[PDB]
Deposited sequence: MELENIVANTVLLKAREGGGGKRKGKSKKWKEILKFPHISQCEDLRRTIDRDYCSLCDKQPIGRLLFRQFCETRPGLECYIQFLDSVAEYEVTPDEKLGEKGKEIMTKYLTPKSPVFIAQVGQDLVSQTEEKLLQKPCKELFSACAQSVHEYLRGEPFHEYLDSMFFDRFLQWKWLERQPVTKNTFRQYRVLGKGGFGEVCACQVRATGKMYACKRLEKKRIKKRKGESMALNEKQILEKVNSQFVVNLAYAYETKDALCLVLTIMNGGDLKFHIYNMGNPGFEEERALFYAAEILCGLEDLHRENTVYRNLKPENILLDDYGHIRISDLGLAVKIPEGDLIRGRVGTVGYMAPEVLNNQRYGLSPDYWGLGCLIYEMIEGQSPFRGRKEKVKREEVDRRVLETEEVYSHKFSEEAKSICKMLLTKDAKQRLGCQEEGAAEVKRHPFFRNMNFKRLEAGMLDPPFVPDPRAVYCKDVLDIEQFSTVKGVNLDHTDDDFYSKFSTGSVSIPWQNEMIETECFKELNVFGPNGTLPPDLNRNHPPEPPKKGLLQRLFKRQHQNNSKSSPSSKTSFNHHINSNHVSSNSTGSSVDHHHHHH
């Protein structure tokens, strides 16, 4: 599905064009060689040329496989890594680990294997690579290639860059298009916000707050921002596409009025991880309802509609009686000062609704005014049925604690205190975050689950920042554009674009 001339668009620039990039990019190990997807691949490719560095990459890979193995197979896996990497005369022996550190972990196998056993060793490895190996890579041709990729990442994005297919949902104050990148063939979802509506409504600050919150969070369970451009009539937001429906449709139309507890377990586990990634940026969501939980092609879920999200400054509280009738925590209803607690109250509502088939404070077959449902959220205690195990009852009651100070997860521990609840006793988060627990429902691919000033010029420049670094690099990799274009010379020789003699 790539454009006819895609190899011309993503054609590498001559390395001489990247001198300004070379002079300004910060040379941080974690960023260049790990966080940035393409940088990490280029650094690992550099270690393949050095015979002595190959073993360190293979070792860290095998440790990544160990962390995720299930407990009934860590003994044999822990042994396999020992006799291949940590024995003295091994085929691929690691030396910078230290004979004292291997002798310390060698006898740590004698005890109940830990999922994070090799954390000490792996960190000692990163210690070594941060030093000489990293500074050599900086003076290698692979880093010159990295600069070429950054030069492309930085190119301007416009209406031409994309290709709008038929609608993909709609909104009153903002359309939702399809937008596909012509050059790579990658699908997205556009959140077109026209300028005329926002200008007169005076919400420019709330459209920026949403764009920036989406830009900073990078989670497997929240919709990610990939591009932000302005067109001749609107400001656009290119986000992750979900073609699997929303959780409300699957609770009430697809499944019984509700789900099996084990199936609600899976979705709650992913939502919790989604909320945890937002809380790392000390950003609160406050819009947690079944409709905003979306399923993708594979069956996993992401949180959507961050328009009511707000980034709390560390150590401070905010006020705001916002949200949706029936999913607002008591501290929000009372217009008090709150932090992240509204999001754990929401999680309680979602787990309950998934298991029971109705809201904890409103019956599915009940007609109640918006004044009584609120009184219930503030006064009455919810009730449970035989659909809930004792574990399920517990976590819901603790999350639905009226007093936000005794509410589960609203302590100094954070989301960790929630992953520890007996409700998730049979859940292995390491494997869930690695994405190798099969979802309980897989959507069929063929399914369909449904005028100018100057003060605006400065606001538009702050919004239309262009492509987002990590999502863009991931796109290049997924579409195999990196595999095809990332071509060096025969027998480790400098290609033309990387030779400063003849441009």
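Against the full deposited sequence, the model leaves out several stretches, namely 1-24, 475-489, 543-598.
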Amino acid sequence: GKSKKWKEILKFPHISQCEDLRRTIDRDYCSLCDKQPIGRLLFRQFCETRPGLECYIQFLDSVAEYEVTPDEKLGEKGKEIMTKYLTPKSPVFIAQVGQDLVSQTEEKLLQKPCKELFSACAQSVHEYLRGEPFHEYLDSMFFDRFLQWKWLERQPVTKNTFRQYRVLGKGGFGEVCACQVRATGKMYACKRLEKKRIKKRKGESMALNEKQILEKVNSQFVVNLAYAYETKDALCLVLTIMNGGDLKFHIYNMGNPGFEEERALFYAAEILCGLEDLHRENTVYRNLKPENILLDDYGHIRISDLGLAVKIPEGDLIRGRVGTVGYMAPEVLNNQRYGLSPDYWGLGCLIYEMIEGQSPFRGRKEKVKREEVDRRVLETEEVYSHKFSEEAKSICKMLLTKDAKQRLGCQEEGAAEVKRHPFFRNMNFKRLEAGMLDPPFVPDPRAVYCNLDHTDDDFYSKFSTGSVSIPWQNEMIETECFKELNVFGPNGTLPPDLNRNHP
From here on, numbers count along this sequence of modelled residues.
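Here, rigid core means the biggest group of C-alpha atoms that superpose within 1.5 Å across both forms.
After superposition on the rigid core, the larger root-mean-square Cα deviation in 6 other deposited structures of this protein belongs to 107-115, not to the other of 107-115 and 185-193. Fitting each structure in 6 other deposited structures of this protein onto the rigid core and averaging C-alpha distances over structures and residues, 90-98 emerges as the more displaced of 90-98 and 271-279. Of the other compared PDB entries of this protein that include residues on both sides, at least a third leave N451 without atoms. Of the two segments examined, 341-349 and 366-374, it is 366-374 that shows the higher average Cα temperature factor in the deposited entry. For the two regions 166-174 and 419-427, the entry's Cα B-factors average higher over 166-174.
Highest C-alpha temperature factor among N474, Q45, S461, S31, as the PDB entry reports it: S461. Highest CA B-factor among the listed residues (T231, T184, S219, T240): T231. Among all modelled residues in its chain, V448 ranks in the highest third by Cα B-factor.
Split the chain's modelled residues into thirds by C-alpha temperature factor. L129 is in the middle one. Split the chain's modelled residues into thirds by C-alpha temperature factor. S62 is in the middle one. When the modelled residues of the chain are ordered by their C-alpha B factor, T465 lands in the middle third. Placement of the Cα temperature factor of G78 within the chain: highest third of the modelled residues, per the deposited record.
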